[PDB]
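Peer 1: An experimental structure, sequence included, is below.
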Amino acid sequence: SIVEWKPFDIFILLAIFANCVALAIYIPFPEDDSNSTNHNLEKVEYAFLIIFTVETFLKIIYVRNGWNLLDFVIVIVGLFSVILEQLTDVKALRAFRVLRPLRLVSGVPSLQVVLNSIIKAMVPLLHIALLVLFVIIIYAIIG
Amino acid sequence: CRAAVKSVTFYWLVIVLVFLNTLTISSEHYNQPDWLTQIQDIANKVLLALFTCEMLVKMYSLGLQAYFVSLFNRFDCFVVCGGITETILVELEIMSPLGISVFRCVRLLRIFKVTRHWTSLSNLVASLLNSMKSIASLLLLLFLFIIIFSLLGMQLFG
Amino acid sequence: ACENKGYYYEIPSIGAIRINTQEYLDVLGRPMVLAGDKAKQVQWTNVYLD
Amino acid sequence: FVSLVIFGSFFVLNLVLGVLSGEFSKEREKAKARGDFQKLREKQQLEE
Amino acid sequence: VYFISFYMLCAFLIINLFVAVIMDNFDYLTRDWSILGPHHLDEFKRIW
Amino acid sequence: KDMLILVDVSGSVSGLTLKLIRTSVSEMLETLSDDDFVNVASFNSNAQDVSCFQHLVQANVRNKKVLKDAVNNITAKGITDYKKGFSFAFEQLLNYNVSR
Amino acid sequence: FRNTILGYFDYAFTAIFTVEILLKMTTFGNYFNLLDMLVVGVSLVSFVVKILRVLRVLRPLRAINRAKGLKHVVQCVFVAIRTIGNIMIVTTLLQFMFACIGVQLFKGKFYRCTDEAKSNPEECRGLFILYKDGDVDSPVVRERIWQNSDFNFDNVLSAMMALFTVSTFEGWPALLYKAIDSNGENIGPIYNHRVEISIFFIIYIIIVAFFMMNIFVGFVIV
Amino acid sequence: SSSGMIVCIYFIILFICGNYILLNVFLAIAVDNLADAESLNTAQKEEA
Amino acid sequence: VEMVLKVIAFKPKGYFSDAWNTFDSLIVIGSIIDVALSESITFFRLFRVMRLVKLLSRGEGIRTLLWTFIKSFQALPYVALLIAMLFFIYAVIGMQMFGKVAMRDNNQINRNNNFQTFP
Ligand SMILES: CCCCc1oc2ccccc2c1C(=O)c1cc(I)c(OCCN(CC)CC)c(I)c1
Ligand SMILES: *[C@@H]1O[C@H](CO)[C@@H](O[C@@H]2O[C@H](CO)[C@@H](O)[C@H](O)[C@H]2NC(C)=O)[C@H](O)[C@H]1NC(C)=O
Ligand SMILES: [Ca+2]
């Protein structure tokens, strides 16, 4: 934990960016089709998952922070998906790896604070949202 | 030594020059006559020569160091170097098929030389240039949101 | 196609189906034209309605 | 439908903008106490 | 000309109406309930 | 000729480009006569015949109807395997068991 | 029948309004009064005629002077217009520059043939067989014409109009996917030829509609 | 038919939660740096 | 039943004193009319849905917002007049100019979208 101050956070940020770009370069083919690039990206995702679960296990030795909870949730979801694929809907659970770019904001306090300000700005708009919902319900009933 | 270059006559001359450049650029259209094209190249060469001469005259009467301090002079240097590079590449042993259209957009930006004298709208420009860190932060957050939802849509409806 | 004495055809829509599915007879006719006089014999078709 | 368009969005769009414009202007009065505008003015007043 | 001018004029007038309505209630939109509000007066009247 | 039609029934051809192939194959069979022998096969990670013929047939009116009906029943699913598809096609042209 | 009945009415108001003008002038013997006489004056010329009939729509424009609130709100609108003009000039200049760039990019490249099989005007001639709804068993003969896009970038004015329609967020995906397929000067489209050309449209939208149109409303609010 | 319509909430969220951020990122720049410009203009006018 | 129960303990004279109290007053007779006409008809069938907003707007952040925005709209009835004048002028000009374009079922100027009449 003494040496993990500067390089560990930078390495995790780089890993998140690499996972994001690997997800970007994936081509979803219709009707279970594939190519060689997807086959390589499967192993790339395997390695990224291994790194992520290693980091999650190491960081404990956690749950109070929401971002750490999100990281734990996505890591165990990836483990669940991998175990199910290996021991087997099958790829329907694959959509939970899109949250990897989301945790990049945690590492970016700037983006984070901006995110916190934007989220906190939504409190006054809840009454307007309720009014919109009521108007929608009334008009739907009339229709 | 420097009174003539700062005269109102010089200002009006550079304004008419930039108007001529804008008219030359904004006169291209589909199936344009060949003679119109000939006038366009003639005007491009003549105005490039005139602007280079004006820049050289200014450099010998105002000072080289005072230019790069302000962001206007360096941009003008970039524009004139791009224009002379465009002309030499066009008339050299290189065809440059796609680069002809790109280089026109480089020389199209001469209207900034006359919009810089506003001094009334420059407050907004200064404020938005000083808030660049915040602007980049919000733009990056929006881009990240777009990227996340694009990946989710790729997974769902791919 | 090039490495196997063949031809490459593109069929982007329905309108190109009819023309591109008959052009392969140009490639198959190459050995016949080079034969010359020996590849000139009258052939009679099956009975068909005019 | 015409009434739905007027009330559903035009009225709501005004209400949404009014709150955010007020909230954003409410941040202007909060940030003025610290003196963020003074820093911009101080930086600008030395340029001329 | 008809359609472009109509679109521009209608957009300008619509945002003019929206901003007039917004500025007519700027006191409420920047109420800052953390210090005071008319709801206290309404509660006092109800208790009366 | 001894035409042997290889059809890609992999996943990527589902949709407009599947019915384009089905129409293209049907129009291709219209250029064959009783002196030409034809068969149709499809490959998607595995190569197989689209019909009951299993080898080249005389491509007369009865046989061409069977291939046309069989090629209209194909569906797109799986991955693409060109090595397994051309091996099937090349081997069917070296049969010599039957009339060709 | 209805037009004639309303035609008889139009005589009555002109008689009343002419009477109003004379008596008002008699006791008063600015440009608001010029408009009052202009509306009545053009009617007396009546009773090309289409231009005059269109111009007679100025009837309710002179109710502004008769109401203090209407006049006040009109003057407020004019004052708001006057202060804005610095933003309009910058937006117009940027839109003109973007129109010039679009002219340089997609000059004449938006042409296409009636059937998606002929890629140049030299062979986009004559008749062709069209298959209705994509069915091969329902053909119909149609003429093929080398057509041009309704919103193109052929000249500067066309580019300005197309970019205005884009900035209104109406039909902009169609223009985007027409420009993506833009192949060459006088040839037909190619499916997803240059997807990277979408950067032009994205940058233009972000700069103008998202940014400089929100500055418009923000400065009005300020 | 079937449960294929539950996926429509993807576009509802992408629209409502996308326009909300779009209306907070491009309006903050036009309300913060634009109000300061007028305040900067007023301060500059004081010295002028 | 609840209207009469409220009236008995509240007296008819004071029933109209409260704005929300009168809202329930005019709805129930519509309810007791359509129950007879079931076995014109859709009027009170539609108008009975208003009870939701009537008894669900009794908040303190939404009701005040609606009331103050309606008050602002009433305080500025001349910008709306300007918008109406613009719409009127442009509609008359469009009727005079593009009013003679034929309505075709495969075009943008169709039976539902045309310049043939002022509405
Ligand atoms: C009173 C007549 C002048 C109105 C006017 O002139 C302009 C010059 C340059 C830029 C904008 C204007 C302008 C507008 O008022 C105007 C134009 C548009 I386009 C516009 O945007 C309409 C659609 N919008 C969301 C779909 C895109 C940003 C708005 I809001 C206001
Ligand atoms: C017919 O083709 C087959 C392969 O398609 C040839 O191979 C033989 O097949 C027959 C039974 O089908 C058997 O004799 C053997 O299994 C195969 N090998 C040999 C060496 O015979 C076959 O030679 C071809 N000709 C005949 C007459 O069967
Ligand atoms: Ca494939």
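Peer 2: Now that the structure is in, tell me what you want to look at. Numbering: from 1, shown residues only, chains lettered A, B, ... in the order given. Ligands and ions are numbered 1, 2, ... in the order given.
Peer 1: What parts of chain H come near chain A?
Peer 2: Residues of chain H lying near chain A by Cβ under 8 Å from any Cβ of the partner chain: H:20-21, H:24. To be clear about C-beta, it is placed using only N, CA and C from the backbone, and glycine gets the same treatment.
Peer 1: nearest to residue E:26, of the residues you listed?
Peer 2: Checking these against residue E:26 with Cβ to Cβ, the nearest one is residue H:24 at 19.8 Å.
Peer 1: Neighbours of the closest one, how many?
Peer 2: Using other Cβ atoms under 10 Å in any protein chain shown as the criterion, residue H:24 is surrounded by 20 other residues.
Peer 1: ditto for residue B:16
Peer 2: By other Cβ under 10 Å, 10 other residues sit near residue B:16.
Peer 1: Which helix in chain F has the most residues?
Peer 2: Scanning chain F for the helix with the most residues, using DSSP state H, yields helix F:16-29.
Peer 1: Could you list the paired strands of the next helix or strand after that helix along with their orientation?
Peer 2: Counting by DSSP states H and E, the next helix or strand C-terminal to helix F:16-29 is strand F:39-43. Sheet pairing of strand F:39-43 (DSSP bridges) gives strand F:4-8 (parallel), strand F:47-49 (antiparallel).
Peer 1: For the first one, list every residue counted as buried.
Peer 2: Okay, so that is strand F:4-8. Using 16 or more other Cβ atoms under 10 Å in any protein chain shown as the test for burial, strand F:4-8 gives F:4-5, F:7-8.
Peer 1: From these, pick the one nearest residue D:35.
Peer 2: residue F:8 (70.0 Å).
Peer 1: contacting residues around that closest one?
Peer 2: Counting by Cβ atoms under 8 Å, 6 or more residues apart in numbering or on different chains, residue F:8 makes contact with F:21, F:42-44, F:80, F:85.
Peer 1: distance of it from residue A:26?
Peer 2: Separation of residue F:8 from residue A:26 (Cβ to Cβ, to the nearest Å) stands at 22 Å.
Peer 1: quick one: contacts for the closest residue to chain G within chain D?
Peer 2: Nearest to chain G in chain D, going by Cβ to the nearest Cβ, is residue D:21, at a distance of 5.6 Å. Shown in contact with residue D:21 (Cβ under 8 Å, 6+ apart): E:22, E:29, G:221, H:27, H:31.
Peer 1: got it, and residue A:56?
Peer 2: Shown in contact with residue A:56 (Cβ under 8 Å, 6+ apart): A:71-72, A:75.
Peer 1: Likewise for residue G:64?
Peer 2: Listed by Cβ under 8 Å, 6+ apart, the contact partners of residue G:64 are G:70-71, G:74.
Peer 1: of those, list those near chain I.
Peer 2: Residues of the contacts of residue G:64 in contact with chain I (Cβ under 8 Å from any Cβ): G:70, G:74.
Peer 1: Among the contacts of residue G:64, name the ones in helices.
Peer 2: Residues of those located in helices (DSSP H): G:70-71, G:74.
Peer 1: got TSV for those residues, with neighbour count and distance to residue C:26 too?
Peer 2: Below are the ones in helices among the contacts of residue G:64 laid out as TSV (neighbours: other Cβ atoms under 10 Å in any protein chain shown; distance: Cβ to Cβ, whole Å):
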residue	neighbour count	distance to residue C:26
G:70	16	80
G:71	15	82
G:74	17	77
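Peer 1: Out of those, which comes closest to chain F?
Peer 2: Distance ranking of the ones in helices among the contacts of residue G:64 against chain F, using Cβ to the nearest Cβ, places residue G:74 first at 57.3 Å.
Peer 1: Residue I:82 is in contact with the closest one, correct?
Peer 2: Yes: between residue G:74 and residue I:82 a contact is recorded at 7.2 Å, counting by Cβ atoms under 8 Å.
Peer 1: mind checking how far the most centrally placed residue in chain F is from residue A:113?
Peer 2: In chain F, the centroid-proximal residue (Cα atoms, centre = their mean) is residue F:40; its distance is 1.7 Å. Noted for residue F:40: a distance of 64 Å to residue A:113, by Cβ to Cβ.
Peer 1: which ones are touching the nearest residue to residue B:55 once chain neighbours are set aside?
Peer 2: Using Cβ to Cβ, 6 or more residues apart in numbering or on different chains and skipping the chain neighbours, the partner closest in space to residue B:55 is residue B:80 (5.9 Å). Counting by Cβ under 8 Å, 6+ apart, residue B:80 touches B:48, B:51-52, B:55.
Peer 1: can you do 10 Å?
Peer 2: Applying Cβ atoms under 10 Å, 6 or more residues apart in numbering or on different chains, we find residue B:80 in contact with B:48, B:51-52, B:54-56, B:107, B:110.
Peer 1: Residue of chain H closest to chain A, please.
Peer 2: Using Cβ to the nearest Cβ, residue H:24 is the residue of chain H that sits closest to chain A, at 5.5 Å.
Peer 1: Tell me which helix or strand that residue sits in.
Peer 2: Applying DSSP H and E as the criterion places residue H:24 in helix H:9-47.
Peer 1: Check which residues of that helix are buried.
Peer 2: Neighbour counts over helix H:9-47 (16+ other Cβ under 10 Å) mark H:14, H:20-21, H:23-37, H:39-40, H:43 as buried.
Peer 1: Isn't residue I:62 up against residue A:135?
Peer 2: No: the pair residue I:62 / residue A:135 is not scored as a contact, 11.2 Å apart, by Cβ atoms under 10 Å.
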